[PDB]
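If you read the sequence from its start, that first residue is 1, and numbering goes on from there. In what follows, every heavy atom counts, from backbone to side chain, and hydrogens, waters and symmetry copies are set aside. For ligands, and for the atoms within them, numbers begin at 1 and follow the listed sequence.
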Amino acid sequence: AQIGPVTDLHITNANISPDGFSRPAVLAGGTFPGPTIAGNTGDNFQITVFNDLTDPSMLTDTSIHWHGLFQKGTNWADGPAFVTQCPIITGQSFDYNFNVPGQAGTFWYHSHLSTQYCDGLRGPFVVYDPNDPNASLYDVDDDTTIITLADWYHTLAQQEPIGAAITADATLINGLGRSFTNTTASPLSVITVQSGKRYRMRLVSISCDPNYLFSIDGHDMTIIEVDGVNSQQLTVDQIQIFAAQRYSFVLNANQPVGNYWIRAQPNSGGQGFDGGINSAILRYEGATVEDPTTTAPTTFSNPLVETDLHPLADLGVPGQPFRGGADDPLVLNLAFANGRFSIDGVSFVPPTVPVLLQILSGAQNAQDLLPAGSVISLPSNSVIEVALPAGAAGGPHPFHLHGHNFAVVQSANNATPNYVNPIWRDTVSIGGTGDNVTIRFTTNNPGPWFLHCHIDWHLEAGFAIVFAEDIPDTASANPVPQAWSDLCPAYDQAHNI
Ligand SMILES: *[C@@H]1O[C@H](CO)[C@@H](O[C@@H]2O[C@H](CO)[C@@H](O)[C@H](O)[C@H]2NC(C)=O)[C@H](O)[C@H]1NC(C)=O
Ligand SMILES: *[C@@H]1O[C@H](CO)[C@@H](O[C@@H]2O[C@H](CO)[C@@H](O)[C@H](O)[C@H]2NC(C)=O)[C@H](O)[C@H]1NC(C)=O
Ligand SMILES: [Cu+2]
Ligand SMILES: [Cu+2]
Ligand SMILES: [Cu+2]
Ligand SMILES: [Cu+2]
């Protein structure tokens, strides 16, 4: 069952074996992925997170981010450790109490402390629309139509050796899949459909790193939502989905009753489908309980290309229709060297005092804010443009902005900008060498908002900055509860800081 919008959520350690290999994990709700948190647009969510972690190998502190929810007036509830809060310590709990006005779509939640989400703290977060403009396009939309794609590691996140390459050991679809090496015939996930019905499949990348080439043998997929933003219908037969992105697509159960492979090919780790790696099963009601015998094409006919997506609503693009046509036009220098990433020459290292607390305590320019050179002020009520030229090692990098979605004025692998009708989203691949992926948004949400690569290993290695949006109005806009004010003293006492 789905939980929420008012719920407890316990964070525990447990052993799991999603690919047949047992290892300890950090879990929400006792499962991997965690349970779906759900409600309706505009609802009040009160997620009381109980930190019951005891195993220091995966960190006993935690903090949870609600990915893609704007948190307007509740920046303190956003979750990134040392940006909006100190972590919750073990044996304590914290109520993330926020509202979701004006948003409806497919989201997710994850630890936002270190690389802890890789150790298991990740799950779906759905905000339904009782008046969804897409409602007539499908018959079924429920917990059985959520599809999560996850990378899974045998080595614990904190134990990944300095200086060796990090790759996953299994792809998990709805929490199950097979290991790339020492493959065993562990159970695969089954997604069940009824011949003749149409399903809103909510595809969620909960990846710490790889992008996936997602497809379903014999079927095509009609995209209707991108990162929470309703889209015009776009029919594709493969979706390249980067870490933290979401799509809804209509699946029409219009093929013969049978079994079809669901494929999720990561860009690193095991290549292909031998032994049933990178796979799940689409099973029609009445089909034999057996593996599919289908194959993929050699070449997909209609892969998703991001410039083909357009909003359902008339969202336009803020600003003027040329490069630099914004109130605050920025170009970030994104680089990697010697194990660390940098933005404008500064590698992100989390500060001792969370950025929000520094602002509430009276630090009112971004030059005053720690870490020095990692916090950039944005002016209020202004059009912002951010160019994110690629080239840094470890790409393609999926950049994500908290507190906002944005127009993707320029996408990967295409030099032509779109100032008319590009998709809006919250996580975007910045592409390959020579690209100039560019985003735009307006600043109507005071507070410190993280901007970073969503490959968690890259965030850990410094690939981030904080946009301190409307510093002067942050305190008035974001009243804080006593429990939030209590977090840093409790954390600092427990850690002798
Ligand atoms: C990406 O686009 C930005 C503008 O959005 C380019 O920025 C300009 O960079 C040149 C130097 O390279 C400056 O002289 C301009 O002041 C910048 N802003 C402009 C023209 O609006 C940037 O060069 C582009 N990067 C790549 C790799 O194509
Ligand atoms: C590269 O991106 C551009 C800009 O998004 C795409 O150009 C648009 O193409 C559509 C479809 O033919 C036209 O309706 C628009 O008028 C074009 N806009 C602009 C600004 O040119 C283009 O299709 C993309 N290239 C590829 C190969 O997909
Ligand atoms: Cu996220
Ligand atoms: Cu986020
Ligand atoms: Cu990256
Ligand atoms: Cu983040």
Side-chain angles (χ1 to χ4, degrees), residues 63-71 75 77-81 83-84 103 107-112 115 117 122 125 166 205-211 227-228 232 234 236 242-246 267-268 302-311 317 321-323 332 334-336 340-343 347-348 388 390-423 425-432 435-438 445 447-464 466-467:
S63 192
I64 301 190
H65 173 56
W66 321 93
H67 182 116
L69 294 311
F70 301 150
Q71 301 290 355
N75 174 265
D78 189 42
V83 179
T84 61
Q103 298 188 269
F107 304 94
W108 63 296
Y109 63 92
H110 58 83
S111 179
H112 211 312
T115 53
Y117 89 75
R122 2 176 177 163
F125 188 116
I166 299 173
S205 170
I206 66 179
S207 186
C208 266
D209 175 349
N211 70 71
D227 303 0
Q232 295 178 354
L234 181 70
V236 300
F242 299 86
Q245 290 182 335
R246 296 81 63 216
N267 64 313
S268 59
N302 293 286
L304 173 64
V305 172
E306 188 174 69
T307 53
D308 291 337
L309 293 163
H310 302 291
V317 179
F322 48 86
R323 302 192 192 282
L332 300 186
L334 303 174
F336 177 85
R340 303 275 308 170
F341 287 93
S342 59
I343 303 190
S347 190
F348 193 82
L388 299 168
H397 302 281
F399 266 70
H400 170 58
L401 177 60
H402 293 219
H404 287 278
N405 60 17
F406 48 76
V408 183
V409 308
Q410 185 163 323
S411 294
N413 208 45
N414 182 337
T416 303
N418 180 2
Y419 301 108
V420 179
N421 65 354
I423 202 57
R425 77 186 305 154
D426 67 43
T427 301
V428 62
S429 176
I430 69 170
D435 285 346
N436 207 7
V437 170
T438 299
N445 191 9
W449 301 117
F450 222 0
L451 174 70
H452 62 88
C453 182
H454 217 297
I455 295 168
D456 215 34
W457 313 112
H458 298 176
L459 171 58
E460 182 70 15
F463 211 15
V466 177
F467 284 150

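- Put simply, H67 stays out of reach of the Cu ion (ligand 4), with no N, O or S atom under 2.8 Å from it.
- With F399 as reference, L334 is the one residue of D426, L334, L332 to meet the side-chain contact (heavy atoms from CB on, under 4.5 Å) rule.
- Taking the six-membered ring for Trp and the full ring otherwise, the centers of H404 and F467 sit at least 6.0 Å from each other.
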What's the verdict on side-chain hydrogen bond (donor to acceptor under 3.5 Å, both in side chains) for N75 and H402, showing C-alpha distance, side-chain angles and the deciding distance?
CA-CA 10 Å; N75 174 265; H402 293 219; over 6 Å; no
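- For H397, the N/O/S atom at the shortest distance from the Cu ion (ligand 5) is named ND1.
- Taking the six-membered ring for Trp and the full ring otherwise, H458 and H452 have centroids separated by 6.0 Å or more.
- Using a cut-off of 2.8 Å, one finds that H458 contributes an N/O/S atom close to the Cu ion (ligand 5).
- Between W108 and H454, the ring centre distance stays below 6.0 Å.
- There is no protein heavy atom closer than 4.0 angstrom to atom 27 (C) of ligand 2.
- Residue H65: an N/O/S atom is found under 2.8 Å from the Cu ion (ligand 4).
- The presence of a protein heavy atom under 4.0 Å from atom 15 (C) of ligand 2 is ruled out.
- Ranked by closest heavy atom to atom 5 (O) of ligand 2, the top entry among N418, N414, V305 is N418.
- Closest to atom 19 (C) of ligand 2, if we only count protein heavy atoms, is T416 CG2, 4.2 Å.
- In this structure, atom 1 (C) of ligand 2 has a protein heavy-atom contact shorter than 4.0 Å.
- There is no protein heavy atom closer than 4.0 angstrom to atom 8 (C) of ligand 2.
- Side-chain contact between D78 and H65: present, with at least one pair of heavy atoms (C-beta onward) separated by less than 4.5 Å.
- Only the backbone of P417 comes within contact range of ligand 2, with a heavy atom under 4.0 Å; no side-chain atom does.
- Atom 11 (C) of ligand 2 is never approached by the protein to below 4.0 angstrom, counting heavy atoms only.
- Contact of the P398 side chain with the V428 side chain is not registered, since no non-hydrogen atoms from C-beta on lie closer than 4.5 Å.
- At least one side-chain heavy atom of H67 sits less than 4.5 Å from a side-chain heavy atom of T427.
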